[PDB]
file run_13.csv (CSV, C-alpha atoms and all ligand atoms)
chain,number,residue,atom,x,y,z
X,1,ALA,CA,38.4,2.3,-14.1
X,2,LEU,CA,36.4,0.3,-11.5
X,3,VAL,CA,34.6,2.3,-8.8
X,4,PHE,CA,34.1,0.6,-5.5
X,5,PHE,CA,31.9,2.0,-2.8
X,6,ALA,CA,32.3,2.5,1.0
X,7,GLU,CA,30.6,4.3,3.8
X,8,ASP,CA,33.0,7.0,5.1
X,9,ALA,CA,28.9,9.7,7.2
X,10,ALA,CA,28.4,9.3,3.4
X,11,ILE,CA,28.8,6.7,0.7
X,12,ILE,CA,31.9,7.5,-1.4
X,13,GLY,CA,33.5,6.1,-4.6
X,14,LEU,CA,36.9,4.7,-4.7
X,15,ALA,CA,38.5,4.6,-8.0
X,16,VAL,CA,40.7,1.9,-9.4
F,1,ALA,CA,13.3,3.7,9.6
F,2,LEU,CA,14.4,2.3,6.2
F,3,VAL,CA,17.2,4.1,4.3
F,4,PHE,CA,17.2,3.7,0.5
F,5,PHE,CA,20.1,4.8,-1.7
F,6,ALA,CA,20.2,6.7,-4.9
F,7,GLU,CA,22.8,8.4,-7.1
F,8,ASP,CA,22.0,12.1,-7.1
F,9,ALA,CA,26.9,13.4,-8.5
F,10,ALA,CA,27.0,11.6,-5.1
F,11,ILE,CA,25.2,8.6,-3.5
F,12,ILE,CA,22.6,9.9,-0.9
F,13,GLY,CA,20.3,8.3,1.6
F,14,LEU,CA,16.6,8.6,1.6
F,15,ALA,CA,14.9,8.0,4.7
F,16,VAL,CA,11.6,6.5,5.4
R,1,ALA,CA,0.9,17.7,5.3
R,2,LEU,CA,-0.5,14.2,5.7
R,3,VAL,CA,0.8,12.0,8.5
R,4,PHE,CA,0.8,8.2,7.8
R,5,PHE,CA,1.4,5.7,10.5
R,6,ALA,CA,3.7,2.7,10.7
R,7,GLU,CA,5.1,0.3,13.2
R,8,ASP,CA,8.9,0.8,13.2
R,9,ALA,CA,9.2,-1.0,18.1
R,10,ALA,CA,7.0,2.0,18.2
R,11,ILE,CA,4.2,3.5,16.1
R,12,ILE,CA,5.7,6.4,14.1
R,13,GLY,CA,4.5,9.2,11.9
R,14,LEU,CA,5.5,9.6,8.4
R,15,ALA,CA,5.0,13.0,7.0
R,16,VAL,CA,4.1,13.9,3.6
T,1,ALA,CA,10.7,-3.6,8.6
T,2,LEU,CA,7.9,-1.0,8.6
T,3,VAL,CA,4.3,-2.2,9.1
T,4,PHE,CA,1.6,-0.1,7.5
T,5,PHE,CA,-2.1,-0.7,8.2
T,6,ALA,CA,-5.1,-0.9,5.9
T,7,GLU,CA,-8.7,-1.8,6.1
T,8,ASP,CA,-9.3,-4.7,3.7
T,9,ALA,CA,-13.6,-6.4,6.4
T,10,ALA,CA,-10.5,-6.3,8.7
T,11,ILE,CA,-7.5,-4.1,9.5
T,12,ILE,CA,-4.4,-5.8,8.1
T,13,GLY,CA,-0.7,-5.2,8.2
T,14,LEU,CA,1.5,-4.5,5.3
T,15,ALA,CA,5.0,-5.3,5.7
T,16,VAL,CA,7.9,-3.4,4.1
Q,1,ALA,CA,-10.4,-1.6,-2.2
Q,2,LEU,CA,-7.9,-1.0,0.6
Q,3,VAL,CA,-8.3,1.9,2.9
Q,4,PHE,CA,-5.2,3.6,4.3
Q,5,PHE,CA,-5.3,6.1,7.1
Q,6,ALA,CA,-3.7,9.5,7.6
Q,7,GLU,CA,-3.9,12.5,9.9
Q,8,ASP,CA,-4.9,15.5,7.8
Q,9,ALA,CA,-6.4,17.4,13.0
Q,10,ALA,CA,-8.8,14.6,11.7
Q,11,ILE,CA,-8.1,11.1,10.5
Q,12,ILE,CA,-9.1,10.5,6.9
Q,13,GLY,CA,-9.2,7.4,4.7
Q,14,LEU,CA,-7.4,7.0,1.5
Q,15,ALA,CA,-8.8,4.5,-0.7
Q,16,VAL,CA,-7.1,2.3,-3.1
W,1,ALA,CA,27.7,-17.5,23.8
W,2,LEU,CA,24.0,-17.8,24.7
W,3,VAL,CA,21.3,-16.5,22.4
W,4,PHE,CA,18.1,-15.3,24.0
W,5,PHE,CA,15.0,-14.4,21.9
W,6,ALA,CA,12.6,-11.5,22.0
W,7,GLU,CA,9.7,-10.2,19.9
W,8,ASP,CA,10.3,-6.7,18.7
W,9,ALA,CA,7.2,-7.2,14.5
W,10,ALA,CA,10.1,-9.7,14.2
W,11,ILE,CA,11.7,-12.2,16.6
W,12,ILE,CA,15.3,-11.1,17.2
W,13,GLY,CA,18.3,-12.7,18.9
W,14,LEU,CA,20.2,-11.3,21.7
W,15,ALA,CA,23.7,-12.5,22.1
W,16,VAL,CA,25.4,-13.0,25.4
H,1,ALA,CA,10.1,-20.5,39.1
H,2,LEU,CA,10.4,-19.0,35.6
H,3,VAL,CA,12.2,-20.9,32.9
H,4,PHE,CA,13.8,-18.8,30.1
H,5,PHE,CA,15.2,-20.3,27.0
H,6,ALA,CA,18.5,-19.8,25.1
H,7,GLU,CA,20.3,-21.3,22.2
H,8,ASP,CA,23.6,-22.7,23.6
H,9,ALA,CA,24.0,-26.0,19.6
H,10,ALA,CA,20.8,-26.8,21.6
H,11,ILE,CA,18.0,-25.0,23.3
H,12,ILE,CA,18.5,-25.0,27.1
H,13,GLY,CA,16.4,-23.8,30.0
H,14,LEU,CA,17.4,-21.2,32.5
H,15,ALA,CA,15.8,-21.3,35.8
H,16,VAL,CA,14.8,-18.3,37.8
M,1,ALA,CA,9.3,-2.6,23.9
M,2,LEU,CA,10.9,-6.1,23.7
M,3,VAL,CA,8.9,-9.2,24.7
M,4,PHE,CA,10.8,-12.1,26.2
M,5,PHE,CA,9.2,-15.5,26.9
M,6,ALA,CA,9.3,-17.8,29.9
M,7,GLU,CA,7.6,-21.0,31.2
M,8,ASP,CA,5.6,-20.1,34.4
M,9,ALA,CA,3.4,-24.9,32.8
M,10,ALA,CA,2.3,-22.3,30.2
M,11,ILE,CA,4.5,-19.8,28.3
M,12,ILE,CA,4.1,-16.2,29.1
M,13,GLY,CA,5.4,-12.8,27.9
M,14,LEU,CA,7.6,-10.5,29.7
M,15,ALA,CA,7.7,-7.0,28.6
M,16,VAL,CA,10.7,-4.8,28.6
I,1,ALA,CA,15.6,-26.0,6.0
I,2,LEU,CA,13.0,-24.9,8.6
I,3,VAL,CA,13.5,-25.9,12.2
I,4,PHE,CA,10.4,-26.3,14.3
I,5,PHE,CA,10.5,-26.7,18.1
I,6,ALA,CA,8.9,-29.1,20.5
I,7,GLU,CA,9.1,-30.1,24.1
I,8,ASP,CA,10.1,-33.7,24.3
I,9,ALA,CA,11.9,-32.5,29.5
I,10,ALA,CA,14.0,-30.6,26.9
I,11,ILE,CA,13.3,-28.5,23.8
I,12,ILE,CA,14.3,-30.3,20.5
I,13,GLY,CA,14.5,-29.2,16.9
I,14,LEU,CA,12.7,-30.7,14.1
I,15,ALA,CA,14.0,-30.0,10.7
I,16,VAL,CA,12.2,-29.7,7.5
A,1,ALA,CA,-5.5,-18.0,13.4
A,2,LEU,CA,-2.7,-20.0,15.0
A,3,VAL,CA,0.9,-18.8,14.6
A,4,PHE,CA,3.6,-21.4,14.7
A,5,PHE,CA,7.3,-20.6,14.8
A,6,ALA,CA,10.3,-21.9,12.9
A,7,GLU,CA,14.0,-21.0,12.5
A,8,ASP,CA,14.5,-20.1,8.8
A,9,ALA,CA,18.8,-17.2,10.0
A,10,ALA,CA,15.8,-15.9,11.9
A,11,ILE,CA,12.7,-17.1,13.8
A,12,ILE,CA,9.6,-16.5,11.6
A,13,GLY,CA,5.9,-17.0,12.1
A,14,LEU,CA,3.7,-19.3,10.2
A,15,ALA,CA,0.1,-18.4,10.1
A,16,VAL,CA,-2.7,-20.9,10.1
K,1,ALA,CA,4.4,-37.1,23.7
K,2,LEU,CA,5.7,-34.0,21.9
K,3,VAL,CA,4.4,-30.5,22.7
K,4,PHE,CA,4.4,-28.0,19.9
K,5,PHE,CA,3.8,-24.3,20.5
K,6,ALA,CA,1.5,-21.7,18.8
K,7,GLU,CA,0.1,-18.3,19.5
K,8,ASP,CA,-3.7,-18.7,19.8
K,9,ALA,CA,-4.0,-14.3,22.6
K,10,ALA,CA,-1.7,-16.7,24.5
K,11,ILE,CA,1.0,-19.2,23.7
K,12,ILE,CA,-0.5,-22.7,23.9
K,13,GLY,CA,0.8,-26.2,23.8
K,14,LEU,CA,-0.3,-28.7,21.3
K,15,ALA,CA,0.2,-32.2,22.3
K,16,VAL,CA,1.1,-35.0,20.1
Z,1,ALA,CA,-4.0,-9.5,26.3
Z,2,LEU,CA,-5.6,-6.9,24.0
Z,3,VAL,CA,-3.6,-3.8,23.0
Z,4,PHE,CA,-5.5,-0.6,22.4
Z,5,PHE,CA,-3.9,2.5,20.9
Z,6,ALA,CA,-4.0,6.2,21.9
Z,7,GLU,CA,-2.3,9.5,21.0
Z,8,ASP,CA,-0.3,10.7,24.0
Z,9,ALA,CA,1.7,13.6,19.8
Z,10,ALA,CA,3.0,9.9,19.5
Z,11,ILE,CA,0.8,6.8,19.3
Z,12,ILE,CA,1.2,4.4,22.2
Z,13,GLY,CA,-0.2,1.0,23.2
Z,14,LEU,CA,-2.3,0.2,26.1
Z,15,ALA,CA,-2.3,-3.3,27.3
Z,16,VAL,CA,-5.4,-5.0,28.8
G,1,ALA,CA,-4.8,13.9,27.6
G,2,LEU,CA,-5.0,10.6,25.8
G,3,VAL,CA,-6.9,10.4,22.5
G,4,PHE,CA,-8.5,7.1,21.5
G,5,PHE,CA,-9.9,6.4,18.1
G,6,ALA,CA,-13.2,4.9,17.0
G,7,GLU,CA,-15.1,4.4,13.7
G,8,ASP,CA,-18.3,6.3,13.9
G,9,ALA,CA,-18.7,6.6,8.7
G,10,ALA,CA,-15.6,8.5,9.9
G,11,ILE,CA,-12.7,8.0,12.3
G,12,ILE,CA,-13.2,10.3,15.4
G,13,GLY,CA,-11.1,11.1,18.5
G,14,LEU,CA,-12.1,10.5,21.9
G,15,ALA,CA,-10.5,12.6,24.5
G,16,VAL,CA,-9.5,11.4,27.9
Y,1,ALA,CA,-22.4,2.4,17.3
Y,2,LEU,CA,-18.7,3.1,17.8
Y,3,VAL,CA,-16.1,0.6,16.8
Y,4,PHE,CA,-12.8,0.6,18.7
Y,5,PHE,CA,-9.7,-1.4,17.6
Y,6,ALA,CA,-7.3,-3.6,19.4
Y,7,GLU,CA,-4.4,-5.9,18.5
Y,8,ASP,CA,-5.1,-9.4,19.6
Y,9,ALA,CA,-2.1,-11.5,16.0
Y,10,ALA,CA,-4.9,-9.7,14.2
Y,11,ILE,CA,-6.5,-6.3,14.7
Y,12,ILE,CA,-10.0,-6.8,15.9
Y,13,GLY,CA,-13.1,-4.5,16.2
Y,14,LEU,CA,-14.9,-3.9,19.4
Y,15,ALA,CA,-18.4,-2.7,19.0
Y,16,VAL,CA,-20.2,-0.3,21.3
B,1,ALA,CA,-6.2,-24.1,-4.9
B,2,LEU,CA,-8.2,-26.0,-2.2
B,3,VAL,CA,-10.0,-24.1,0.5
B,4,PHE,CA,-10.6,-25.9,3.8
B,5,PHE,CA,-12.9,-24.5,6.5
B,6,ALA,CA,-12.4,-24.2,10.3
B,7,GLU,CA,-14.2,-22.6,13.2
B,8,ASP,CA,-11.8,-19.9,14.5
B,9,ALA,CA,-15.6,-17.3,16.8
B,10,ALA,CA,-16.3,-17.4,13.1
B,11,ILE,CA,-15.8,-19.9,10.2
B,12,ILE,CA,-12.7,-19.0,8.1
B,13,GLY,CA,-11.1,-20.4,4.9
B,14,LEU,CA,-7.7,-21.8,4.7
B,15,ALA,CA,-6.2,-21.8,1.4
B,16,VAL,CA,-3.9,-24.3,-0.1
E,1,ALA,CA,-31.5,-23.1,18.7
E,2,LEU,CA,-30.3,-24.6,15.4
E,3,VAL,CA,-27.6,-22.8,13.5
E,4,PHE,CA,-27.6,-23.0,9.7
E,5,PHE,CA,-24.7,-21.8,7.6
E,6,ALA,CA,-24.5,-19.7,4.4
E,7,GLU,CA,-21.9,-18.1,2.3
E,8,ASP,CA,-22.6,-14.3,2.5
E,9,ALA,CA,-17.6,-13.1,1.3
E,10,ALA,CA,-17.6,-15.2,4.5
E,11,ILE,CA,-19.5,-18.1,5.9
E,12,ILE,CA,-22.0,-16.9,8.5
E,13,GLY,CA,-24.4,-18.6,11.0
E,14,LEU,CA,-28.1,-18.2,11.0
E,15,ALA,CA,-30.0,-18.8,14.0
E,16,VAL,CA,-33.2,-20.6,14.4
X,101,CL,CL,28.8,-10.7,23.8
X,102,CL,CL,-0.2,-14.3,31.3
X,103,CL,CL,17.7,-29.5,28.3
X,104,CL,CL,13.7,-35.5,13.7
X,105,CL,CL,2.4,-16.8,7.5
X,106,CL,CL,0.1,1.4,30.3
X,107,CL,CL,-4.1,-10.0,10.1
X,108,CL,CL,-23.4,-3.2,21.4
X,109,NA,NA,17.5,-21.3,17.1
X,110,NA,NA,-3.0,-16.0,17.0
X,111,NA,NA,-19.7,-24.8,14.2

call {"tool": "encode", "arguments": {"input": "run_13.csv", "output": "structure tokens", "more": "lines below"}}
Ligand SMILES: [Cl-]
Ligand SMILES: [Cl-]
Ligand SMILES: [Cl-]
Ligand SMILES: [Cl-]
Ligand SMILES: [Cl-]
Ligand SMILES: [Cl-]
Ligand SMILES: [Cl-]
Ligand SMILES: [Cl-]
Ligand code: NA
Ligand code: NA
Ligand code: NA
result
Amino acid sequence: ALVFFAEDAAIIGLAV
Amino acid sequence: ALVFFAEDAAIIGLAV
Amino acid sequence: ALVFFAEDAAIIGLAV
Amino acid sequence: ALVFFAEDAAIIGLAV
Amino acid sequence: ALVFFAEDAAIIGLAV
Amino acid sequence: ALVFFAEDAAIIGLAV
Amino acid sequence: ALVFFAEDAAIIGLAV
Amino acid sequence: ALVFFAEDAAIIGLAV
Amino acid sequence: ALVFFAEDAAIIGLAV
Amino acid sequence: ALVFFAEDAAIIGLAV
Amino acid sequence: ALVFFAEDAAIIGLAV
Amino acid sequence: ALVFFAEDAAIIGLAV
Amino acid sequence: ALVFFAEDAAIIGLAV
Amino acid sequence: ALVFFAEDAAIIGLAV
Amino acid sequence: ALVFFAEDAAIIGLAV
Amino acid sequence: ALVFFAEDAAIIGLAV
């Protein structure tokens, strides 16, 4: 899977 | 200040 | 600890 | 960016 | 060589 | 909008 | 009077 | 502080 | 390109 | 040294 | 004639 | 103008 | 008080 | 003699 | 590179 | 007085 990143603070991975 | 990023897991800031 | 100086504006201490 | 200072003579800035 | 400065108080040089 | 300029070093824009 | 400057594009004067 | 510029002629700084 | 500025009055850009 | 200014965006100095 | 600007400190005009 | 520096703690500028 | 700095070699403080 | 420092840009020495 | 010379006071090099 | 010039590095004046 791809992992995108976003600031949520902390940087988190978002899995696709 | 500058904030660098590193994978420590989770991505963290490092402040200078 | 050492304190280094940098312009960040204001002159700030950076502690090591 | 941070500007550090060093004697090189003359005192110069070093930009980061 | 470059001379950086730090408070160690007294100011000291750090040569590179 | 207008953009004014100031030295902060770097020259920055201020938007109005 | 003082003349300030802004980007409006062209640079214009603003009279005070 | 920020430094703005104006014609007063010669250009001068205005500190804020 | 770079844009230099000159008083020609009004301020104009000169592109390089 | 002289410092000239140009839009490069951001306004940068050019040292001579 | 054109007037260019430079920091010489004070901001000065340079006439061409 | 000249800018001198002093500890006031934090380092500050003094304009002359 | 203010503390100014001078090269005397070592960097020394001057207390005002 | 003492050497004080000021921003004039470049950092310059002032000798006393 | 070429080094040109100018009175800036003191005589300085300018590198091209 | 005459001023002669020598590379000493930097170019310096020598009074006579
Ligand atoms: Cl707005
Ligand atoms: Cl003034
Ligand atoms: Cl106009
Ligand atoms: Cl043109
Ligand atoms: Cl430059
Ligand atoms: Cl003050
Ligand atoms: Cl410099
Ligand atoms: Cl003296
Ligand atoms: Na502009
Ligand atoms: Na200058
Ligand atoms: Na001369």

call {"tool": "calpha_fit_and_write", "arguments": {"input": "run_13.csv", "fixed": "chain Q", "moving": "chain G", "output": "PDB file with C-alpha atoms, keeping the file's coordinate frame"}}
result
ATOM      1  CA  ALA G   1     -10.379  -1.647  -2.199  1.00  0.00           C
ATOM      2  CA  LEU G   2      -7.827  -1.032   0.499  1.00  0.00           C
ATOM      3  CA  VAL G   3      -8.279   1.949   2.833  1.00  0.00           C
ATOM      4  CA  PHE G   4      -5.199   3.557   4.375  1.00  0.00           C
ATOM      5  CA  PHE G   5      -5.317   6.077   7.141  1.00  0.00           C
ATOM      6  CA  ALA G   6      -3.600   9.427   7.565  1.00  0.00           C
ATOM      7  CA  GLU G   7      -3.773  12.385  10.008  1.00  0.00           C
ATOM      8  CA  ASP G   8      -4.836  15.407   8.103  1.00  0.00           C
ATOM      9  CA  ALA G   9      -6.641  17.754  12.407  1.00  0.00           C
ATOM     10  CA  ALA G  10      -8.659  14.581  11.686  1.00  0.00           C
ATOM     11  CA  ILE G  11      -8.034  10.963  10.716  1.00  0.00           C
ATOM     12  CA  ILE G  12      -9.115  10.430   7.015  1.00  0.00           C
ATOM     13  CA  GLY G  13      -9.323   7.384   4.704  1.00  0.00           C
ATOM     14  CA  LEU G  14      -7.514   6.985   1.623  1.00  0.00           C
ATOM     15  CA  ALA G  15      -8.984   4.686  -0.883  1.00  0.00           C
ATOM     16  CA  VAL G  16      -7.019   2.395  -3.094  1.00  0.00           C
TER      17      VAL G  16
END

call {"tool": "atom_distance", "arguments": {"input": "run_13.csv", "atom1": "atom CA of residue G:5", "atom2": "atom CA of residue R:1"}}
result
20.2 Å

call {"tool": "residues_near_ligand", "arguments": {"input": "run_13.csv", "ligand": "ligand NA 109 (chain X)", "cutoff": "9 Å", "atoms": "all atoms listed in the file", "output": "NGL selection string"}}
result
(:W and (3 or 5 or 13)) or (:H and (6-7 or 9-11)) or (:I and (3 or 5 or 13)) or (:A and (6-11))

call {"tool": "write_last_selection", "arguments": {"input": "run_13.csv", "atoms": "C-alpha atoms", "output": "compact mmCIF listing (two decimals), in the frame of the given file"}}
result
# COMPACT_ATOMS: atom_id res chain seq x y z
CA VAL W 3 21.30 -16.50 22.40
CA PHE W 5 15.00 -14.40 21.90
CA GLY W 13 18.30 -12.70 18.90
CA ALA H 6 18.50 -19.80 25.10
CA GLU H 7 20.30 -21.30 22.20
CA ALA H 9 24.00 -26.00 19.60
CA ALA H 10 20.80 -26.80 21.60
CA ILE H 11 18.00 -25.00 23.30
CA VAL I 3 13.50 -25.90 12.20
CA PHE I 5 10.50 -26.70 18.10
CA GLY I 13 14.50 -29.20 16.90
CA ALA A 6 10.30 -21.90 12.90
CA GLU A 7 14.00 -21.00 12.50
CA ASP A 8 14.50 -20.10 8.80
CA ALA A 9 18.80 -17.20 10.00
CA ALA A 10 15.80 -15.90 11.90
CA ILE A 11 12.70 -17.10 13.80

call {"tool": "residues_near_ligand", "arguments": {"input": "run_13.csv", "ligand": "ligand CL 106 (chain X)", "cutoff": "10 Å", "atoms": "all atoms listed in the file", "output": "JSON, numbers by chain"}}
result
{"Z": [3, 4, 12, 13, 14, 15, 16]}

call {"tool": "atom_distance", "arguments": {"input": "run_13.csv", "atom1": "atom CA of residue T:2", "atom2": "atom CA of residue Z:2"}}
result
21.3 Å
